[PDB]
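Everything below concerns the one structure shown next.
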Amino acid sequence: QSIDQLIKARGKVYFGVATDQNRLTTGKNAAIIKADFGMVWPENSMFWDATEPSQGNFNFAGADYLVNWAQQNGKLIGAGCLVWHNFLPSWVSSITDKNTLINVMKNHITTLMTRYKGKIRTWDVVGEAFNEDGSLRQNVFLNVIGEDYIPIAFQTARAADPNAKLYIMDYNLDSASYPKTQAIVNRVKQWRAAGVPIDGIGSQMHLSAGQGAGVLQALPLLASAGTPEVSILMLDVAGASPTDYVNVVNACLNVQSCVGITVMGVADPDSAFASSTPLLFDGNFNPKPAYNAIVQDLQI
Ligand SMILES: O=[N+]([O-])c1ccc2nn[nH]c2c1
């Protein structure tokens, strides 16, 4: 049974997965995504080192493939991350002039969003902007532009494609008592109060075993920021216990504004964390106990 169809029957928008051309053309990934998932993200092909490896030199073959495949197969598309410190080329992080970096950031945002205008449901505009203690991460954008870089990025994104839902995402938002979790909520409340167009908070849930349970308290805390949507991304769980995965799914079901969940790949061997066997399909492309547990859960 399709977890995406089953979650939609429970009133959510999607169960999605990260993918890209060479997953689509090998294994059983295309078959599983067609049957079982309702949304795709580019696993790597939309990151800055993939899309703008030198200034103004845009590389879109990878991302085009993904977007075209999704459209042909009636799948929603999420994409990201436009502004974060990972996968960022040296030419960007060596910029020291503030107006230059502002316009470099704006051109990156606008060129990518314009190319796919109208085709992308959700854009992760800003990513990993927080330190663990809740202060803003001192990436090149904060160091050169200052904290205005976040509102600027969001405004720029809303102008480029007003149809897209715009998200901020971060990791280690999995415990309601962790300082980072309350901090992003506080700053999102304040940005939105000031007219900054943040439609969603995305929680990057690269989890260790046993961490699923805590998401049942953390996700409602994130939703208290008052964004129209929240979501779960990059989900994987070391060991892939049915208990962890079902807890995450149920957190989504519990939180009215949570639109869905995206897993960090289809089958274990294609995970960055393969030895932890953290995904829902195994190396032979069979649905694992966690997949079947999610099915049972989703089936007062
Ligand atoms: O949820 N995801 O797996 C995922 C993968 C890559 C991304 N880039 N921006 N947001 C993303 C989400």
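We label chains A, B, ... in the order they appear in the structure tokens, count residues from 1 in each chain, and number ligands from 1 in the order shown.
With only C-alpha atoms taken into account, the protein and nucleic acid residues at most 7 Å from residue 43 in chain A (excluding it and anything under 5 positions from it in its own chain) are residues 18, 19 and 20 of chain A.
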Protein and nucleic acid residues within 9 Å of ligand 1 (only C-alpha atoms and all ligand atoms) as a PyMOL selection string:
chain A and resi 16-19+40-47+78-82+122-127+167+169+202-205+231-236+261-265
In Å to one decimal, how far is CA of residue 24 in chain A from CA of residue 294 in chain A?
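Between CA of residue 294 in chain A and CA of residue 24 in chain A the gap works out to 23.6 Å.
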I'd like the contact shell of residue 8 in chain A - 12 Å cut-off, only C-alpha atoms, skipping same-chain residues fewer than 3 positions apart - returned as a compact mmCIF listing (two decimals) with N, CA and C atoms, in the first residue's frame.
```txt
# COMPACT_ATOMS: atom_id res chain seq x y z
N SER A 2 0.35 2.30 -0.54
CA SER A 2 1.04 3.57 -0.69
C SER A 2 0.90 4.44 0.54
N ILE A 3 2.02 4.72 1.22
CA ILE A 3 1.97 5.62 2.36
C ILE A 3 1.52 7.02 1.98
N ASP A 4 1.83 7.46 0.78
CA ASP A 4 1.35 8.75 0.36
C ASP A 4 -0.18 8.76 0.21
N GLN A 5 -0.76 7.73 -0.40
CA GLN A 5 -2.22 7.72 -0.52
C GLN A 5 -2.83 7.60 0.86
N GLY A 11 -5.86 13.34 5.59
CA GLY A 11 -5.95 14.78 5.46
C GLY A 11 -4.67 15.57 5.25
N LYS A 12 -3.56 14.86 5.08
CA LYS A 12 -2.27 15.50 4.82
C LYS A 12 -2.02 15.68 3.33
N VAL A 13 -0.99 16.46 3.01
CA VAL A 13 -0.71 16.78 1.62
C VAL A 13 0.12 15.70 0.95
N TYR A 14 1.15 15.18 1.62
CA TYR A 14 2.05 14.24 0.96
C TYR A 14 2.90 13.43 1.90
N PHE A 15 3.36 12.29 1.39
CA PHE A 15 4.55 11.62 1.91
C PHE A 15 5.53 11.67 0.75
N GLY A 16 6.68 12.29 0.97
CA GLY A 16 7.61 12.55 -0.09
C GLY A 16 8.96 11.91 0.16
N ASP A 36 4.23 4.99 -4.37
CA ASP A 36 4.17 5.11 -2.91
C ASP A 36 4.38 6.53 -2.35
N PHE A 37 4.84 7.47 -3.16
CA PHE A 37 5.23 8.80 -2.70
C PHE A 37 4.51 9.82 -3.53
N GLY A 38 4.25 10.97 -2.93
CA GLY A 38 3.50 11.98 -3.63
C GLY A 38 4.25 13.27 -3.94
N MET A 39 5.50 13.34 -3.49
CA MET A 39 6.33 14.51 -3.63
C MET A 39 7.77 14.10 -3.67
N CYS A 252 3.19 14.22 12.91
CA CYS A 252 2.62 14.89 11.79
C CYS A 252 1.09 14.89 11.86
N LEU A 253 0.50 13.73 12.13
CA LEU A 253 -0.96 13.64 12.17
C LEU A 253 -1.56 14.50 13.27
N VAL A 259 1.99 19.58 7.01
CA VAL A 259 1.46 19.19 5.70
C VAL A 259 1.98 17.84 5.21
N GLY A 260 3.10 17.36 5.74
CA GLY A 260 3.61 16.07 5.32
C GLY A 260 5.03 15.85 5.75
N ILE A 261 5.58 14.77 5.21
CA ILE A 261 6.84 14.23 5.63
C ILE A 261 7.62 13.83 4.38
N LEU A 298 -1.42 4.09 9.55
CA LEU A 298 -2.22 5.01 8.77
C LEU A 298 -3.55 4.42 8.34
N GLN A 299 -3.63 3.09 8.29
CA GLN A 299 -4.87 2.41 7.94
C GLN A 299 -5.89 2.70 9.05
```
Backbone-only DSSP, strand (DSSP E) members of range 98-289 of chain A, as JSON, numbers by chain:
{"A": [122, 123, 124, 125, 126, 127, 165, 166, 167, 168, 169, 170, 171, 200, 201, 202, 203, 204, 205, 206, 207, 229, 230, 231, 232, 233, 234, 235, 236, 237, 258, 259, 260, 261, 262, 263]}
Of the residues A:155, A:90, A:256, A:182, which is the one nearest to residue 140 in chain A, using only C-alpha atoms?
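The shortest atom-to-atom distance to residue 140 in chain A comes from A:90.
Among the residues of range 35-67 of chain A, backbone DSSP assigns helix (DSSP H, G or I) to residues 35, 36, 48, 49, 50, 51, 61, 62, 63, 64, 65, 66 and 67 of chain A.
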Write a file of the selected residues as a compact mmCIF listing (two decimals), in the first residue's frame, keeping N, CA, C and O atoms.
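Final output, part-v9.txt:
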```txt
# COMPACT_ATOMS: atom_id res chain seq x y z
N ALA A 35 4.53 4.68 -7.18
CA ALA A 35 3.46 4.00 -6.43
C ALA A 35 3.18 4.58 -5.06
O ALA A 35 2.01 4.66 -4.63
N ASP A 36 4.23 4.99 -4.37
CA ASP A 36 4.17 5.11 -2.91
C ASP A 36 4.38 6.53 -2.35
O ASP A 36 4.07 6.75 -1.18
N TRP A 48 23.68 24.81 -3.97
CA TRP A 48 24.43 25.88 -4.63
C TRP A 48 25.66 25.37 -5.37
O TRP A 48 25.95 25.84 -6.48
N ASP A 49 26.38 24.40 -4.82
CA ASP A 49 27.53 23.89 -5.54
C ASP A 49 27.16 23.13 -6.81
O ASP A 49 28.01 22.95 -7.69
N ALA A 50 25.91 22.66 -6.89
CA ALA A 50 25.40 21.97 -8.09
C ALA A 50 24.85 22.96 -9.11
O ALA A 50 25.00 22.74 -10.30
N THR A 51 24.23 24.04 -8.64
CA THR A 51 23.48 24.92 -9.54
C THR A 51 24.21 26.18 -9.93
O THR A 51 23.92 26.75 -10.98
N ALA A 61 21.03 20.91 -15.44
CA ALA A 61 20.65 19.64 -16.08
C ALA A 61 20.07 18.68 -15.07
O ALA A 61 19.06 18.05 -15.33
N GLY A 62 20.71 18.60 -13.90
CA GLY A 62 20.24 17.72 -12.85
C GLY A 62 18.87 18.10 -12.35
O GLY A 62 17.95 17.29 -12.23
N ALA A 63 18.75 19.35 -11.98
CA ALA A 63 17.47 19.81 -11.45
C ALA A 63 16.37 19.75 -12.50
O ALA A 63 15.23 19.36 -12.17
N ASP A 64 16.70 20.05 -13.76
CA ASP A 64 15.68 19.96 -14.80
C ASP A 64 15.14 18.54 -14.91
O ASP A 64 13.95 18.30 -15.14
N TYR A 65 16.03 17.58 -14.80
CA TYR A 65 15.63 16.19 -14.95
C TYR A 65 14.62 15.83 -13.88
O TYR A 65 13.59 15.23 -14.15
N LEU A 66 14.94 16.20 -12.66
CA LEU A 66 14.06 15.90 -11.53
C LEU A 66 12.69 16.57 -11.68
O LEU A 66 11.64 15.92 -11.53
N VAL A 67 12.70 17.86 -11.99
CA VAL A 67 11.48 18.61 -12.15
C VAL A 67 10.61 18.04 -13.27
O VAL A 67 9.39 17.83 -13.09
```
Residues near residue 163 in chain A, anyone? I mean within 12 Å using only C-alpha atoms, not counting same-chain ones fewer than 4 positions away, as number ranges by chain.
A: 113-114, 116-123, 157-159, 199
Write a file of the selected residues as a JSON list (two decimals), in the first residue's frame, keeping C-alpha atoms.
```
[["chain", "number", "residue", "atom", "x", "y", "z"],
["A", 113, "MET", "CA", 12.94, 30.11, -8.51],
["A", 114, "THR", "CA", 12.21, 31.81, -11.82],
["A", 116, "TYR", "CA", 10.85, 26.57, -12.13],
["A", 117, "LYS", "CA", 8.20, 29.26, -11.46],
["A", 118, "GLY", "CA", 4.84, 27.72, -10.78],
["A", 119, "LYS", "CA", 6.14, 24.16, -10.71],
["A", 120, "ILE", "CA", 7.50, 24.06, -7.11],
["A", 121, "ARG", "CA", 5.19, 23.58, -4.13],
["A", 122, "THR", "CA", 7.69, 24.29, -1.39],
["A", 123, "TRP", "CA", 11.00, 26.08, -1.40],
["A", 157, "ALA", "CA", 11.83, 34.48, -2.86],
["A", 158, "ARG", "CA", 8.21, 35.66, -2.51],
["A", 159, "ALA", "CA", 8.76, 38.09, -5.40],
["A", 199, "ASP", "CA", 5.13, 30.19, 5.26]]
```
Give me, as a short mmCIF file (atom, residue, chain, number, x, y, z; two decimals) with N, CA, C and O atoms, in the first residue's frame, all polymer residues having an atom no more than 10 Å from residue 241 in chain A, counting only C-alpha atoms and skipping those fewer than 5 positions away in the same chain.
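Okay, this is what ended up in around_0.cif:
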```cif
data_model
loop_
_atom_site.label_atom_id
_atom_site.label_comp_id
_atom_site.auth_asym_id
_atom_site.auth_seq_id
_atom_site.Cartn_x
_atom_site.Cartn_y
_atom_site.Cartn_z
N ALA A 209 18.22 6.31 17.03
CA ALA A 209 17.21 5.44 17.56
C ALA A 209 16.65 5.99 18.86
O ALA A 209 17.38 6.45 19.74
N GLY A 210 15.34 5.92 18.94
CA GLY A 210 14.59 6.34 20.10
C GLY A 210 14.18 7.79 20.06
O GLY A 210 13.48 8.24 20.96
N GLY A 212 12.20 9.31 17.99
CA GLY A 212 10.90 9.58 17.40
C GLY A 212 9.90 10.13 18.41
O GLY A 212 9.12 11.02 18.12
N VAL A 246 6.73 5.34 13.27
CA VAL A 246 5.34 5.58 13.58
C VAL A 246 5.13 6.80 14.49
O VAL A 246 4.19 7.58 14.29
N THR A 277 21.25 1.54 8.33
CA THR A 277 20.04 1.05 7.66
C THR A 277 18.79 1.85 8.03
O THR A 277 17.86 1.34 8.66
N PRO A 278 18.77 3.15 7.66
CA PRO A 278 17.86 4.06 8.33
C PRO A 278 16.58 4.40 7.56
O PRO A 278 15.83 5.29 7.99
N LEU A 279 16.38 3.78 6.40
CA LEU A 279 15.29 4.14 5.50
C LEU A 279 14.24 3.06 5.47
O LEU A 279 14.33 2.08 6.23
N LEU A 280 13.20 3.26 4.66
CA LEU A 280 12.04 2.40 4.71
C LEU A 280 12.08 1.18 3.78
O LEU A 280 11.23 0.27 3.95
N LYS A 288 10.51 -2.41 4.39
CA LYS A 288 10.98 -2.88 5.68
C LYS A 288 9.87 -2.86 6.72
O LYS A 288 8.82 -2.27 6.49
N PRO A 289 10.11 -3.53 7.87
CA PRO A 289 9.15 -3.43 8.98
C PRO A 289 8.60 -2.00 9.24
O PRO A 289 7.39 -1.82 9.40
N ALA A 290 9.47 -0.99 9.24
CA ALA A 290 8.98 0.39 9.45
C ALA A 290 7.97 0.85 8.40
O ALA A 290 7.03 1.54 8.71
N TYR A 291 8.19 0.49 7.13
CA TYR A 291 7.23 0.85 6.07
C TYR A 291 5.87 0.23 6.38
O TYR A 291 4.83 0.87 6.39
N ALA A 293 4.83 -0.94 9.20
CA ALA A 293 4.26 -0.31 10.41
C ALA A 293 3.57 1.04 10.15
O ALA A 293 2.51 1.34 10.72
#
```
